[PDB]
Amino acid sequence: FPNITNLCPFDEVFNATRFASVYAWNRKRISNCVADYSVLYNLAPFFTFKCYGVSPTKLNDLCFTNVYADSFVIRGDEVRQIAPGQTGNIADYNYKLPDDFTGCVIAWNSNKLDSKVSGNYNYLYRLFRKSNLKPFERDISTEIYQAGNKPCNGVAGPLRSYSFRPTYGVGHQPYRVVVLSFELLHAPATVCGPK
Amino acid sequence: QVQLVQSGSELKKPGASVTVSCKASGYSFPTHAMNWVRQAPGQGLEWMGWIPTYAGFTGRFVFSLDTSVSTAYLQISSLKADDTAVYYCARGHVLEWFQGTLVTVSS
Amino acid sequence: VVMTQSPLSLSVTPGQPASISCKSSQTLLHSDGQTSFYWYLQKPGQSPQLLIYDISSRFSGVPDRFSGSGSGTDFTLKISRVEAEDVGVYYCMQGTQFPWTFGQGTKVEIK
Ligand SMILES: *[C@@H]1O[C@H](CO[C@@H]2O[C@@H](C)[C@@H](O)[C@@H](O)[C@@H]2O)[C@@H](O[C@@H]2O[C@H](CO)[C@@H](O)[C@H](O)[C@H]2NC(C)=O)[C@H](O)[C@H]1NC(C)=O
Ligand SMILES: *[C@@H]1O[C@H](CO)[C@@H](O)[C@H](O)[C@H]1NC(C)=O
Ligand SMILES: *[C@@H]1O[C@H](CO)[C@@H](O)[C@H](O)[C@H]1NC(C)=O
């Protein structure tokens, strides 16, 4: 708004050559930039664009204190878990939204970039935890969790991989997910476009 | 999209060392991806090395980058060579993109 | 490593579609997370830019005029409309996120 001429680097989030594991996701902060949500809308949203608390149509004129971009890769059937009120392996152990979230979740099919014929095994996720994960919490440690009936200082009585291959139907294809979390009017707003 | 800027050229005598500059535009990162690539006079292009490592060639060409700016530091420990090549700075984070510079040695 | 571009050069007629190809003994994966094959364009006096291919059908990059394809042991790049802009040398490369080996280049001249 107040003579900001910088443009928001959405391309440095959305066009990235490498994406993070579900846990240890990339978290970038955008500030002191003019928003332009024309680009992130009906250009390349592909599969989905679901917002909570805002009407995407007028998103360019709202003005946020800060915008945070959480970026990661998940299996396609799990896309529905990146949403307020959801449960499951991603929602409970890897990435959780607050249920009063005011941002936008954008996702698309990356099978052509991430899947390999032999299988892309570089994407990991958390399967086990002693308790559920809190919103935006990150925990990247390894605990050889599967004690079963005996505490272990060995292996088992940790984390698991995804297997991404171009032919595993549809629900098993990888998806790139970007979550734009909005910090609205907690301090005078800094990021908007036309206003 | 992301542009790179490099010093246009360098010239120095054999036995001396040089450093080649590069900076990228951008705002933030968790990590780094980049490559130094060389184009010998009249040949195709060769990899010099990735984030400070080697392409298989070691010795004269070594390097150490700090960040997204001064992301460069290609260093030649010795100019006693016929390596009067064009060097390129390659961006590896959004869309691959190249910029380059000419480094020579006089007689 | 083979990385060899077959044609020396293409026809110079403006408006005439033409194609080039690169052969290898490295036809499948080279990379760590994806594929094994790219094309670069170097205009005289300029740094190269990127055109993108894969093992299974795929094609990307910034311009939408060009088309990549391949089969067997040979990778192909073709140009449809020829505006005489595409004058320079086209090269084949095998890395991805991963660095690379590289081909010899082929000359495209348009008159
Ligand atoms: C992200 O990149 C696109 C262009 O990238 C293309 O599409 C991607 C999905 C991928 O396949 C790439 O390999 C492709 O090259 C940017 O789109 C540009 O938007 C401006 C808006 O004014 C338009 O003028 C350009 O013509 C578009 N470019 C192309 C090639 O069509 C997009 O802006 C980038 N940023 C974001 C946040 O998406
Ligand atoms: C975006 O595209 C949908 C159709 O996919 C259309 O109904 C909608 O009106 C478009 N939005 C805007 C702001 O034009
Ligand atoms: C935001 O984008 C929509 C797209 O239809 C446009 O109509 C609207 O005028 C833009 N907002 C402002 C404040 O101009």
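Per residue of peptide C:25-32, the mean number of Cβ atoms on other chains within 10 Å of the residue Cβ is 1. With viscosity 1.002 mPa s and temperature 20 °C, the Kirkwood radius over alpha carbon pairs of segment A:1-109 converts through Stokes-Einstein to a diffusion coefficient of 142 µm²/s. The loop-placed chymotrypsin sites (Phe, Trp or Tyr not before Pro) in segment B:1-80, going by DSSP, that have at most 16 neighbouring Cβ atoms within 10 Å of their Cβ come out as B:27, B:54, B:57, B:73. For chain A, taking a cut-off of 4.7 Å between Cβ atoms, the unpaired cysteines are A:152. Volume per residue for chain A equals 134 cubic angstrom (convex hull of Cα atoms). Averaged over peptide B:88-98, the number of partner chain Cβ atoms lying within 10 Å of each residue's Cβ comes to 5. Stokes-Einstein diffusion of the protein assembly as shown at 10 °C, 1.306 mPa s viscosity, Kirkwood radius from Cα pairs, rounded to a whole number: 66 µm²/s. Counting Cβ atoms of other protein chains within 10 Å of each residue's Cβ and taking the mean over peptide C:36-42 gives 1. The label point for residue B:107 and the one for residue A:132, both projected 7 Å from the Cα toward the Cβ, are 7.8 nm apart. Computed over the alpha carbons of segment C:16-108, Rg followed by Dmax gives 12.7, 38 Å. In chain B the Cα-Cα distances spread across 5 Å bins starting at 0 as 2, 12, 25, 26, 19, 9, 4, 2, 0 percent of all pairs.
Bear in mind that the values in this text are calculations on the coordinates, not laboratory data. Because the Cβ atoms are built from the backbone with ideal geometry, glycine has one as well, and the counts that use them run over all protein chains shown.
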